[PDB]
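Q: File upload-v1.txt below, compact mmCIF, C-alpha atoms and all ligand atoms:
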```txt
# COMPACT_ATOMS: atom_id res chain seq x y z
CA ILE Q 1 0.00 0.00 0.00
CA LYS Q 2 1.43 3.27 -1.36
CA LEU Q 3 -1.79 4.93 -0.11
CA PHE Q 4 -0.44 4.95 3.50
CA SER Q 5 0.14 8.31 5.27
CA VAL Q 6 3.41 9.20 7.02
CA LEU Q 7 1.79 12.15 8.86
CA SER Q 8 -0.83 9.82 10.36
CA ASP Q 9 -1.34 9.17 14.07
CA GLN Q 10 -0.58 5.54 13.28
CA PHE Q 11 2.79 6.38 11.73
CA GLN Q 12 3.67 8.68 14.55
CA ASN Q 13 2.97 6.05 17.25
CA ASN Q 14 6.00 4.11 15.97
CA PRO Q 15 7.83 5.14 12.76
CA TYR Q 16 10.51 2.42 13.04
CA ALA Q 17 7.82 -0.19 12.28
CA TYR Q 18 7.19 1.25 8.81
CA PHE Q 19 10.57 2.48 7.47
CA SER Q 20 11.51 -0.99 6.35
CA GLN Q 21 8.49 -1.06 4.02
CA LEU Q 22 8.99 2.50 2.68
CA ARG Q 23 12.48 1.59 1.48
CA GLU Q 24 12.27 -1.41 -0.86
CA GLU Q 25 8.73 -0.35 -1.99
CA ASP Q 26 7.96 3.41 -1.96
CA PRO Q 27 11.36 5.15 -1.39
CA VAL Q 28 10.25 8.47 -2.92
CA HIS Q 29 6.96 8.42 -1.03
CA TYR Q 30 4.57 11.17 -2.16
CA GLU Q 31 2.41 12.79 0.55
CA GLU Q 32 -0.94 13.94 -0.89
CA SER Q 33 -1.53 16.46 1.95
CA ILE Q 34 1.32 18.93 1.60
CA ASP Q 35 3.07 19.01 -1.83
CA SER Q 36 6.08 17.06 -0.59
CA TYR Q 37 7.96 13.86 -1.29
CA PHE Q 38 9.46 11.85 1.57
CA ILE Q 39 12.70 10.08 0.73
CA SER Q 40 13.68 7.09 2.88
CA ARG Q 41 16.71 5.36 1.38
CA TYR Q 42 20.23 6.03 2.76
CA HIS Q 43 22.11 6.63 -0.53
CA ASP Q 44 19.15 8.57 -1.91
CA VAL Q 45 19.11 10.83 1.17
CA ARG Q 46 22.91 11.24 1.53
CA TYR Q 47 23.26 12.38 -2.11
CA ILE Q 48 20.66 15.09 -1.35
CA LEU Q 49 22.46 16.26 1.81
CA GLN Q 50 25.72 16.18 -0.13
CA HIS Q 51 24.69 18.61 -2.87
CA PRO Q 52 22.89 21.82 -1.77
CA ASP Q 53 23.30 23.49 -5.18
CA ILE Q 54 20.59 21.18 -6.57
CA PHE Q 55 18.77 20.61 -3.27
CA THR Q 56 19.05 24.04 -1.65
CA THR Q 57 18.43 24.40 2.05
CA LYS Q 58 17.11 27.42 3.87
CA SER Q 59 19.92 29.80 4.92
CA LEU Q 60 21.29 30.46 8.42
CA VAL Q 61 19.99 34.04 8.74
CA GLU Q 62 16.38 34.21 7.59
CA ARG Q 63 13.72 33.28 10.14
CA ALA Q 64 12.96 29.65 10.74
CA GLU Q 65 9.78 30.43 8.78
CA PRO Q 66 6.30 28.82 9.06
CA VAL Q 67 7.12 25.10 8.54
CA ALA Q 68 26.59 32.05 2.53
CA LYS Q 69 29.74 31.23 4.56
CA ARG Q 70 29.13 32.51 8.07
CA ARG Q 71 28.93 28.77 8.70
CA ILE Q 72 32.73 28.81 8.68
CA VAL Q 73 32.59 31.82 10.98
CA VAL Q 74 30.03 30.34 13.43
CA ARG Q 75 31.78 26.94 13.39
CA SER Q 76 34.94 28.34 15.00
CA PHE Q 77 32.95 30.56 17.40
CA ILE Q 78 31.48 27.38 18.78
CA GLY Q 79 34.72 25.41 18.25
CA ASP Q 80 37.15 27.86 19.90
CA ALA Q 81 34.68 28.48 22.73
CA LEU Q 82 33.52 24.95 23.65
CA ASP Q 83 36.51 24.57 26.01
CA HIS Q 84 35.55 27.75 27.91
CA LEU Q 85 32.03 26.44 28.55
CA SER Q 86 33.28 23.05 29.74
CA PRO Q 87 33.20 24.04 33.43
CA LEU Q 88 29.77 25.69 32.98
CA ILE Q 89 28.04 22.80 31.17
CA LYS Q 90 29.63 20.85 34.00
CA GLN Q 91 28.18 22.99 36.82
CA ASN Q 92 24.84 23.16 35.01
CA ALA Q 93 24.38 19.39 35.18
CA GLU Q 94 25.54 19.18 38.80
CA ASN Q 95 23.36 22.11 39.92
CA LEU Q 96 20.28 20.85 38.12
CA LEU Q 97 20.66 17.32 39.47
CA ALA Q 98 21.16 18.24 43.14
CA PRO Q 99 17.44 18.67 43.91
CA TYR Q 100 16.67 15.10 42.82
CA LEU Q 101 19.41 13.18 44.66
CA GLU Q 102 18.26 11.79 48.03
CA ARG Q 103 14.65 11.71 46.78
CA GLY Q 104 16.28 8.85 44.83
CA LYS Q 105 14.25 9.36 41.65
CA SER Q 106 13.70 11.65 38.65
CA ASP Q 107 12.21 12.14 35.23
CA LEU Q 108 15.30 12.91 33.15
CA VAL Q 109 13.28 14.76 30.51
CA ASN Q 110 10.88 16.78 32.65
CA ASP Q 111 12.79 17.20 35.86
CA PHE Q 112 16.18 17.63 34.26
CA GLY Q 113 16.87 17.60 30.52
CA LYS Q 114 14.84 20.40 28.96
CA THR Q 115 16.13 22.73 31.71
CA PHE Q 116 19.77 21.67 31.30
CA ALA Q 117 19.83 21.99 27.49
CA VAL Q 118 18.39 25.52 27.82
CA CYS Q 119 21.01 26.64 30.37
CA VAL Q 120 23.84 25.43 28.13
CA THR Q 121 22.50 27.33 25.11
CA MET Q 122 22.17 30.37 27.40
CA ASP Q 123 25.88 30.29 28.43
CA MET Q 124 26.79 29.97 24.77
CA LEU Q 125 24.64 33.06 24.09
CA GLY Q 126 25.76 34.63 27.38
CA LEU Q 127 22.25 35.42 28.63
CA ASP Q 128 21.43 35.53 32.36
CA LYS Q 129 20.81 31.98 33.60
CA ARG Q 130 18.20 33.22 36.15
CA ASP Q 131 15.76 33.66 33.29
CA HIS Q 132 15.94 30.02 32.18
CA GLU Q 133 12.18 29.42 32.83
CA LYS Q 134 11.02 32.39 30.70
CA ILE Q 135 13.22 31.09 27.95
CA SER Q 136 12.40 27.36 27.94
CA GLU Q 137 8.79 28.45 27.68
CA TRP Q 138 9.22 30.86 24.74
CA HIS Q 139 11.65 28.45 23.14
CA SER Q 140 9.00 25.73 23.03
CA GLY Q 141 6.33 28.14 21.82
CA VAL Q 142 8.31 28.78 18.69
CA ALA Q 143 9.65 25.23 18.45
CA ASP Q 144 5.97 24.40 18.03
CA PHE Q 145 5.33 26.85 15.23
CA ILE Q 146 8.00 24.91 13.42
CA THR Q 147 7.61 21.23 14.55
CA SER Q 148 3.81 21.17 14.12
CA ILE Q 149 1.92 20.02 11.00
CA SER Q 150 -0.98 22.32 11.96
CA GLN Q 151 -1.92 24.30 15.08
CA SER Q 152 -4.95 25.50 17.04
CA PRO Q 153 -5.73 29.19 16.87
CA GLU Q 154 -4.75 29.29 20.55
CA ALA Q 155 -1.34 27.67 20.01
CA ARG Q 156 -0.58 29.71 16.87
CA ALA Q 157 -1.37 32.83 18.87
CA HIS Q 158 0.78 31.63 21.76
CA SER Q 159 3.71 30.81 19.41
CA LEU Q 160 3.53 34.27 17.86
CA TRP Q 161 3.61 35.81 21.34
CA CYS Q 162 6.72 33.81 22.20
CA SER Q 163 8.65 35.12 19.16
CA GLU Q 164 7.53 38.63 20.08
CA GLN Q 165 8.67 37.94 23.62
CA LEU Q 166 11.96 36.47 22.46
CA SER Q 167 12.76 39.35 20.13
CA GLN Q 168 12.17 42.12 22.64
CA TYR Q 169 14.34 40.26 25.17
CA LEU Q 170 17.34 39.58 22.96
CA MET Q 171 17.41 42.79 20.87
CA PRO Q 172 18.46 45.24 23.63
CA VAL Q 173 21.08 42.68 24.61
CA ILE Q 174 22.27 42.80 20.97
CA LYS Q 175 22.86 46.58 21.02
CA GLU Q 176 24.42 46.48 24.51
CA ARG Q 177 27.15 44.19 23.15
CA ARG Q 178 27.49 45.79 19.73
CA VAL Q 179 29.06 48.67 21.69
CA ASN Q 180 30.34 46.77 24.75
CA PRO Q 181 31.35 43.26 23.61
CA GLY Q 182 31.54 40.42 26.09
CA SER Q 183 33.22 37.10 25.36
CA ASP Q 184 30.02 35.21 24.44
CA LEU Q 185 28.61 34.33 20.99
CA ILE Q 186 26.22 37.29 20.66
CA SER Q 187 29.22 39.47 21.57
CA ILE Q 188 31.29 38.01 18.71
CA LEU Q 189 28.43 38.14 16.16
CA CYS Q 190 28.87 41.91 16.39
CA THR Q 191 32.62 41.81 15.43
CA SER Q 192 34.40 41.99 12.01
CA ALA Q 193 29.73 42.43 8.42
CA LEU Q 194 26.31 41.83 10.05
CA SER Q 195 23.34 44.06 10.91
CA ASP Q 196 21.15 44.20 14.03
CA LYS Q 197 17.97 42.46 12.78
CA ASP Q 198 20.12 39.85 11.00
CA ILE Q 199 22.14 39.05 14.12
CA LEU Q 200 18.80 38.48 15.90
CA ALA Q 201 17.45 35.99 13.35
CA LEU Q 202 20.81 34.16 13.66
CA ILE Q 203 20.70 34.00 17.50
CA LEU Q 204 17.11 32.78 17.15
CA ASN Q 205 18.24 29.99 14.87
CA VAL Q 206 21.18 28.91 17.02
CA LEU Q 207 18.86 28.94 20.09
CA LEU Q 208 16.38 26.68 18.29
CA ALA Q 209 19.21 24.53 17.02
CA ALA Q 210 21.44 23.94 20.07
CA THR Q 211 18.50 23.33 22.42
CA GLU Q 212 15.88 20.75 21.37
CA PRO Q 213 18.13 17.96 19.93
CA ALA Q 214 20.51 18.06 22.92
CA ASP Q 215 17.71 17.27 25.37
CA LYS Q 216 16.47 14.35 23.38
CA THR Q 217 19.81 12.71 22.72
CA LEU Q 218 20.81 12.45 26.39
CA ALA Q 219 17.46 10.89 27.22
CA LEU Q 220 17.39 8.48 24.29
CA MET Q 221 20.85 7.30 25.33
CA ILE Q 222 20.08 6.77 28.95
CA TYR Q 223 17.02 4.79 27.86
CA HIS Q 224 18.77 2.60 25.31
CA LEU Q 225 21.65 1.97 27.70
CA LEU Q 226 19.32 0.84 30.50
CA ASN Q 227 17.42 -1.29 28.00
CA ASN Q 228 20.65 -3.17 27.29
CA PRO Q 229 21.85 -3.40 30.92
CA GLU Q 230 25.02 -5.17 29.84
CA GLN Q 231 26.05 -2.34 27.55
CA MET Q 232 25.23 0.06 30.39
CA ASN Q 233 27.73 -1.79 32.53
CA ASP Q 234 30.14 -1.56 29.59
CA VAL Q 235 29.94 2.24 29.74
CA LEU Q 236 30.11 2.34 33.55
CA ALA Q 237 33.45 0.53 33.51
CA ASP Q 238 35.17 2.21 30.57
CA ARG Q 239 33.94 5.80 30.22
CA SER Q 240 35.81 6.42 26.99
CA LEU Q 241 32.87 4.51 25.52
CA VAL Q 242 30.51 7.46 26.05
CA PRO Q 243 30.93 8.93 22.53
CA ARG Q 244 30.02 5.63 20.86
CA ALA Q 245 26.94 5.48 23.03
CA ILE Q 246 26.16 9.02 21.97
CA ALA Q 247 26.87 8.04 18.36
CA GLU Q 248 25.02 4.75 18.30
CA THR Q 249 21.99 6.44 19.95
CA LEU Q 250 22.24 9.02 17.18
CA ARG Q 251 22.11 6.44 14.42
CA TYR Q 252 19.54 4.40 16.25
CA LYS Q 253 16.95 6.99 17.23
CA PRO Q 254 17.93 10.31 15.58
CA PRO Q 255 16.43 13.28 17.47
CA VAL Q 256 15.89 15.22 14.26
CA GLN Q 257 13.78 12.86 12.14
CA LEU Q 258 13.20 14.82 8.92
CA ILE Q 259 15.43 17.16 6.94
CA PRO Q 260 13.75 19.28 4.28
CA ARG Q 261 15.15 20.77 1.07
CA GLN Q 262 13.81 23.09 -1.64
CA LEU Q 263 14.29 21.89 -5.23
CA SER Q 264 16.17 24.13 -7.69
CA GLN Q 265 15.52 22.66 -11.13
CA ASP Q 266 13.70 19.53 -12.29
CA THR Q 267 15.73 16.56 -10.99
CA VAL Q 268 15.49 12.78 -10.47
CA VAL Q 269 16.31 10.97 -7.22
CA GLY Q 270 15.71 7.22 -7.00
CA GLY Q 271 13.24 5.80 -9.54
CA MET Q 272 11.02 8.90 -9.43
CA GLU Q 273 11.36 12.15 -11.41
CA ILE Q 274 10.24 15.28 -9.50
CA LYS Q 275 9.43 18.92 -10.46
CA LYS Q 276 10.50 22.52 -9.63
CA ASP Q 277 10.14 24.40 -6.31
CA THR Q 278 9.11 21.24 -4.48
CA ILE Q 279 10.00 20.43 -0.84
CA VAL Q 280 11.36 16.90 -0.31
CA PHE Q 281 11.84 15.32 3.10
CA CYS Q 282 14.79 13.24 4.08
CA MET Q 283 13.70 10.48 6.46
CA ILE Q 284 16.77 10.17 8.67
CA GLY Q 285 15.40 7.42 10.89
CA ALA Q 286 14.71 5.34 7.78
CA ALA Q 287 18.23 5.92 6.45
CA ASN Q 288 20.05 4.99 9.64
CA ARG Q 289 18.06 1.72 9.61
CA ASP Q 290 18.80 0.85 5.96
CA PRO Q 291 20.62 -2.49 5.81
CA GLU Q 292 22.52 -1.01 2.84
CA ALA Q 293 24.53 1.25 5.17
CA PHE Q 294 24.50 -0.70 8.44
CA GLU Q 295 24.36 -4.45 8.98
CA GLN Q 296 21.97 -5.61 11.75
CA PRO Q 297 20.58 -2.09 11.57
CA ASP Q 298 17.73 -2.47 14.09
CA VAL Q 299 20.08 -3.48 16.88
CA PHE Q 300 21.32 -0.97 19.41
CA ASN Q 301 25.00 -1.82 19.64
CA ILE Q 302 27.55 0.71 20.94
CA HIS Q 303 30.29 -1.69 19.92
CA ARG Q 304 29.27 -1.96 16.24
CA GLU Q 305 32.32 -1.95 13.96
CA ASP Q 306 30.47 -0.11 11.17
CA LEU Q 307 29.75 2.99 13.24
CA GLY Q 308 33.18 4.66 13.11
CA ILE Q 309 33.63 7.01 16.12
CA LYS Q 310 36.70 8.50 14.44
CA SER Q 311 34.21 10.49 12.32
CA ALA Q 312 30.79 9.89 13.92
CA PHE Q 313 30.91 13.62 14.80
CA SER Q 314 32.06 15.19 11.50
CA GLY Q 315 30.84 16.38 8.07
CA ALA Q 316 31.62 12.93 6.70
CA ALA Q 317 30.06 10.57 9.27
CA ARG Q 318 28.40 7.19 8.65
CA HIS Q 319 24.96 7.97 10.17
CA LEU Q 320 23.01 10.95 8.85
CA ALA Q 321 21.76 12.29 12.20
CA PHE Q 322 23.75 15.53 11.92
CA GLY Q 323 22.92 15.82 8.19
CA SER Q 324 25.76 15.41 5.64
CA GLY Q 325 28.64 17.14 3.83
CA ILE Q 326 29.19 20.90 3.97
CA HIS Q 327 25.77 21.64 5.51
CA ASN Q 328 26.13 19.30 8.49
CA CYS Q 329 25.07 20.58 11.91
CA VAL Q 330 27.35 23.48 12.88
CA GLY Q 331 27.71 22.37 16.49
CA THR Q 332 28.65 18.74 15.96
CA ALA Q 333 31.90 19.22 17.81
CA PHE Q 334 29.93 21.00 20.56
CA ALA Q 335 27.16 18.38 20.61
CA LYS Q 336 29.71 15.65 21.33
CA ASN Q 337 31.32 17.48 24.22
CA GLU Q 338 28.03 18.68 25.78
CA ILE Q 339 26.23 15.36 25.89
CA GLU Q 340 29.50 13.68 26.92
CA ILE Q 341 29.77 15.92 30.03
CA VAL Q 342 26.21 15.29 31.26
CA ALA Q 343 26.09 11.61 30.53
CA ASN Q 344 29.28 11.26 32.57
CA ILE Q 345 27.90 13.24 35.52
CA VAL Q 346 24.50 11.50 35.38
CA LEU Q 347 26.29 8.13 35.63
CA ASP Q 348 28.58 9.43 38.40
CA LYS Q 349 25.72 10.90 40.40
CA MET Q 350 22.80 8.47 40.05
CA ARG Q 351 24.56 5.36 41.35
CA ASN Q 352 22.77 2.10 40.45
CA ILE Q 353 20.45 3.77 37.96
CA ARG Q 354 17.45 1.67 36.85
CA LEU Q 355 14.10 2.28 35.09
CA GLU Q 356 11.21 2.99 37.52
CA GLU Q 357 8.75 0.26 38.43
CA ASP Q 358 5.97 0.04 35.83
CA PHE Q 359 7.70 2.61 33.59
CA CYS Q 360 5.85 2.51 30.28
CA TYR Q 361 8.18 4.01 27.61
CA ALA Q 362 6.74 6.32 24.89
CA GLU Q 363 8.10 8.63 22.19
CA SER Q 364 6.62 11.73 20.56
CA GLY Q 365 7.39 13.95 17.56
CA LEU Q 366 7.27 13.87 13.76
CA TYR Q 367 9.96 16.35 12.78
CA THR Q 368 11.92 15.83 16.06
CA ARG Q 369 11.33 12.81 18.22
CA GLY Q 370 12.23 11.67 21.73
CA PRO Q 371 10.86 10.20 24.99
CA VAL Q 372 7.84 11.87 26.58
CA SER Q 373 9.49 11.08 29.89
CA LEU Q 374 12.23 8.84 31.20
CA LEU Q 375 11.47 7.63 34.74
CA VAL Q 376 14.62 6.51 36.49
CA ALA Q 377 15.41 5.55 40.08
CA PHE Q 378 18.71 5.45 41.98
CA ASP Q 379 20.65 5.54 45.26
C1 LIG X 401 22.01 16.33 19.73
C2 LIG X 401 22.89 16.91 18.91
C3 LIG X 401 22.51 17.61 17.57
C4 LIG X 401 21.96 17.05 16.48
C5 LIG X 401 21.54 15.57 16.26
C6 LIG X 401 21.83 18.07 15.47
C7 LIG X 401 21.33 17.86 14.21
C8 LIG X 401 21.19 18.80 13.21
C9 LIG X 401 20.68 18.57 11.89
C10 LIG X 401 20.20 17.21 11.33
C11 LIG X 401 20.70 19.72 11.24
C12 LIG X 401 20.21 19.97 9.81
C13 LIG X 401 21.29 19.80 8.76
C14 LIG X 401 20.82 20.61 7.58
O1 LIG X 401 19.68 20.35 7.07
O2 LIG X 401 21.57 21.53 7.14
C15 LIG X 401 21.22 20.71 12.15
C16 LIG X 401 21.38 22.03 11.89
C17 LIG X 401 21.93 23.00 12.70
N1 LIG X 401 22.50 22.81 13.96
FE1 LIG X 401 22.39 21.03 14.85
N2 LIG X 401 22.31 19.26 15.98
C18 LIG X 401 22.74 19.02 17.27
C19 LIG X 401 23.27 19.96 18.12
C20 LIG X 401 23.55 21.27 17.80
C21 LIG X 401 24.19 22.23 18.66
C22 LIG X 401 24.67 21.96 20.09
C23 LIG X 401 24.28 23.39 17.98
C24 LIG X 401 24.88 24.73 18.45
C25 LIG X 401 25.97 24.76 19.22
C26 LIG X 401 23.69 23.18 16.67
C27 LIG X 401 23.59 24.14 15.69
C28 LIG X 401 22.98 24.00 14.48
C29 LIG X 401 22.72 25.07 13.52
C30 LIG X 401 23.06 26.56 13.63
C31 LIG X 401 22.01 24.40 12.33
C32 LIG X 401 21.52 25.07 11.01
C33 LIG X 401 20.01 24.97 10.80
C34 LIG X 401 19.41 26.36 10.85
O3 LIG X 401 19.65 27.13 9.88
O4 LIG X 401 18.71 26.73 11.85
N3 LIG X 401 23.26 21.87 16.59
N4 LIG X 401 21.51 20.12 13.33
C1 LIG X 402 12.46 22.44 15.71
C2 LIG X 402 13.58 22.55 16.54
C3 LIG X 402 14.86 22.34 16.03
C4 LIG X 402 15.02 22.02 14.67
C5 LIG X 402 16.38 21.81 14.11
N1 LIG X 402 16.70 21.86 12.80
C6 LIG X 402 18.02 21.61 12.70
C7 LIG X 402 18.52 21.39 13.97
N2 LIG X 402 17.49 21.52 14.83
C8 LIG X 402 13.89 21.92 13.85
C9 LIG X 402 12.61 22.12 14.36
MG MG X 403 22.05 22.67 24.81
```
Could the structure of this file be written out as structure tokens, please?

A:
Amino acid sequence: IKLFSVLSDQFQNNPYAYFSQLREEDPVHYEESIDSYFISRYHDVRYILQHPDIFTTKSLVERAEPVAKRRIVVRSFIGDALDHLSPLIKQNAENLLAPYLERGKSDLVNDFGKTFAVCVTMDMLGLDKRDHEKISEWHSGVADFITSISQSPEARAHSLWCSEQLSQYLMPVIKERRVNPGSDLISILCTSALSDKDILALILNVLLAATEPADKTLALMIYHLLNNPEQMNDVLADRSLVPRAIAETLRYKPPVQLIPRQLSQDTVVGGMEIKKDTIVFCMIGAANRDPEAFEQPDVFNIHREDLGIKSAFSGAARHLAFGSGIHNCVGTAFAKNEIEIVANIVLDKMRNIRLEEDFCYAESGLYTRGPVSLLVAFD
């Protein structure tokens, strides 16, 4: 059945049950609802993410809207700085965890994760960490505008308010640093090219970008490590394993699930010929589960020889969770080091971590996916 819908409740309840069938039967799957093709095969996807002259993306300055080489520049402003934020990402985790020790339990997504990911992004932007609640809130409100297929008139209103709220918060902070630079990212954005309203739309995009996926990765890892208790023990003993666990969780259950692209000319991918101006969706989950790229692909295995940690976190990595080529996630380097730091602390701090009694595990999200909650218990 090619008639099946990939925006359907049924798809969303468990996408990994259906990818297999999309590849090998309807790889360039047309969705009759939007005017968009969903591409599910690894090589078909990777070629698209390789060449953004044919499959153009949306640039790193314009608004993340209703859904050239500052990359270089931003890349090193993360890269050079990620070793200055190492003690702060470190304190963030420790500070945020302290409430939940002794109680002996926590929900790593609701009690801990969302709030941690936000505080990191805030140190990277140099905003005042006291305001983390305001921000997580507004940050979701816009995240929604983007993630959602459609919205209620209440939500759409609320999302618009959040952007309004976000703008009027950041913008004075932009001018303050344009004239008195700090040593944060916003501070650098205003040094040696860019205008005020442009620097805002960039900050807004980095905020959206560094925040949501970080959350989800740490949680997906903890969950897949506790679900293979013997691999969890593997990580507990030799900590150098953390990155592979990060990586394999990335291939396994990629936080960002779809990558879109606009189509320049008329071009063929797979068996199907497409047409101009059309948005096609890369199905990352589907690609990281293609036998063609990974053997035993539906097995969480941190020790898999076909992962390749040497490059799991670069422009030319095996999995497509960070995208591919010259448009790969700008903070890949940063993503590694951030998640690494928490994971390590979590393990250090929640001795004898286990899943809570009667913990029923569930995931949510079409564009970006992750656990609704992860209920863990500890000493
Ligand atoms: C859990 C780790 C992360 C994952 C899996 C991830 C994944 C991705 C993916 C798949 C893309 C789209 C590639 C494309 O279509 O061009 C992307 C874009 C991007 N990422 Fe990440 N990312 C992560 C963490 C981060 C962090 C920590 C930062 C900032 C330090 C960051 C900054 C960006 C930026 C600026 C973009 C460009 C998209 C835009 O224009 O808004 N990412 N990321
Ligand atoms: C909502 C939140 C974040 C994203 C995103 N796109 C690339 C990296 N992160 C997309 C939608
Ligand atoms: Mg973060």

Q: With the cut-off set at 12 Å and counting only C-alpha atoms, tabulate each residue of range 201-264 of chain Q with an atom at most that distance from an atom of range 170-178 of chain Q, showing the nearest atom pair and its distance in Å to one decimal, ordered by chain and increasing number, as a tab-separated table.

A:
```
residue	atom	partner	partner_atom	distance
Q:201	CA	Q:171	CA	10.1
Q:202	CA	Q:170	CA	11.3
Q:203	CA	Q:170	CA	8.5
Q:204	CA	Q:170	CA	8.9
Q:207	CA	Q:170	CA	11.1
```

Q: Using all atoms listed in the file, can you tell me which of Q:331, Q:141, Q:370, Q:270 comes closest to ligand MG 403 (chain X)?

A: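 Using all atoms listed in the file, the shortest distance to ligand MG 403 (chain X) belongs to Q:331.
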
Q: Would you please work out which residue, of Q:114, Q:304, Q:354, Q:70, is nearest to ligand MG 403 (chain X) when using only C-alpha atoms and all ligand atoms?

A: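 Ranked by minimum distance to ligand MG 403 (chain X), first place goes to Q:114.
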
Q: Which residues are near ligand LIG 402 (chain X) in this structure, taking near to mean any atom at most 8 Å from a ligand atom and counting all atoms listed in the file? Format them as number ranges by chain.

A: Q: 143-144, 146-147, 208-213, 256, 259, 329, 367-368

Q: With distances taken over only C-alpha atoms, which of Q:251, Q:139, Q:69, Q:261 is nearest to residue 284 in chain Q?

A: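 That would be Q:251, the residue with the smallest distance to residue 284 in chain Q.
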
Q: Counting all atoms listed in the file, find residues at most 9 Å from (28.1, 13.5, 11.0) (file frame) and give them as a compact mmCIF listing (two decimals) with C-alpha atoms, in the coordinates of the input.

A:
```
# COMPACT_ATOMS: atom_id res chain seq x y z
CA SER Q 311 34.21 10.49 12.32
CA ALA Q 312 30.79 9.89 13.92
CA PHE Q 313 30.91 13.62 14.80
CA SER Q 314 32.06 15.19 11.50
CA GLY Q 315 30.84 16.38 8.07
CA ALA Q 316 31.62 12.93 6.70
CA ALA Q 317 30.06 10.57 9.27
CA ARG Q 318 28.40 7.19 8.65
CA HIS Q 319 24.96 7.97 10.17
CA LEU Q 320 23.01 10.95 8.85
CA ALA Q 321 21.76 12.29 12.20
CA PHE Q 322 23.75 15.53 11.92
CA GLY Q 323 22.92 15.82 8.19
CA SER Q 324 25.76 15.41 5.64
CA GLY Q 325 28.64 17.14 3.83
CA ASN Q 328 26.13 19.30 8.49
CA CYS Q 329 25.07 20.58 11.91
CA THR Q 332 28.65 18.74 15.96
```

Q: Pick from Q:119, Q:237, Q:245, Q:49: nearest to ligand LIG 401 (chain X), with all atoms listed in the file counted?

A: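 Nearest to ligand LIG 401 (chain X): Q:49.
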
Q: Taking all atoms listed in the file into account, list the residues no farther than 7 Å from ligand MG 403 (chain X), as a list in words.

A: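 Residues satisfying the distance criterion: residues 116, 117, 118, 119, 120, 121, 210, 211, 214 and 215 of chain Q.
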
Q: For residue 345 in chain Q, which of Q:94, Q:26, Q:277, Q:35 is the closest residue, counting all atoms listed in the file?

A: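 Using all atoms listed in the file, the shortest distance to residue 345 in chain Q belongs to Q:94.
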
Q: CA of residue 276 in chain Q to CA of residue 150 in chain Q: how many Å, to one decimal?

A: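 Distance between the two atoms: 24.5 Å.
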
Q: Considering only C-alpha atoms, can you say which of Q:135, Q:96, Q:60, Q:220 comes closest to residue 339 in chain Q?

A: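 Nearest candidate to residue 339 in chain Q out of Q:135, Q:96, Q:60, Q:220: Q:220.
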
Q: Residues near residue 6 in chain Q, anyone? I mean within 10 Å using only C-alpha atoms, not counting same-chain ones fewer than 4 positions away, as a ChimeraX atom specification.

A: /Q:10-12,15,18-19,22,29-31,38,366

Q: Any chance you can output those residues with C-alpha atoms as an mmCIF file, keeping the file's coordinate frame?

A:
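Generated output (part.cif):
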```cif
data_model
loop_
_atom_site.group_PDB
_atom_site.id
_atom_site.type_symbol
_atom_site.label_atom_id
_atom_site.label_comp_id
_atom_site.auth_asym_id
_atom_site.auth_seq_id
_atom_site.Cartn_x
_atom_site.Cartn_y
_atom_site.Cartn_z
ATOM 1 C CA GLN Q 10 -0.580 5.540 13.280
ATOM 2 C CA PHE Q 11 2.790 6.380 11.730
ATOM 3 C CA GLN Q 12 3.670 8.680 14.550
ATOM 4 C CA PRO Q 15 7.830 5.140 12.760
ATOM 5 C CA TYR Q 18 7.190 1.250 8.810
ATOM 6 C CA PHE Q 19 10.570 2.480 7.470
ATOM 7 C CA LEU Q 22 8.990 2.500 2.680
ATOM 8 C CA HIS Q 29 6.960 8.420 -1.030
ATOM 9 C CA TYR Q 30 4.570 11.170 -2.160
ATOM 10 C CA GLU Q 31 2.410 12.790 0.550
ATOM 11 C CA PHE Q 38 9.460 11.850 1.570
ATOM 12 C CA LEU Q 366 7.270 13.870 13.760
#
```
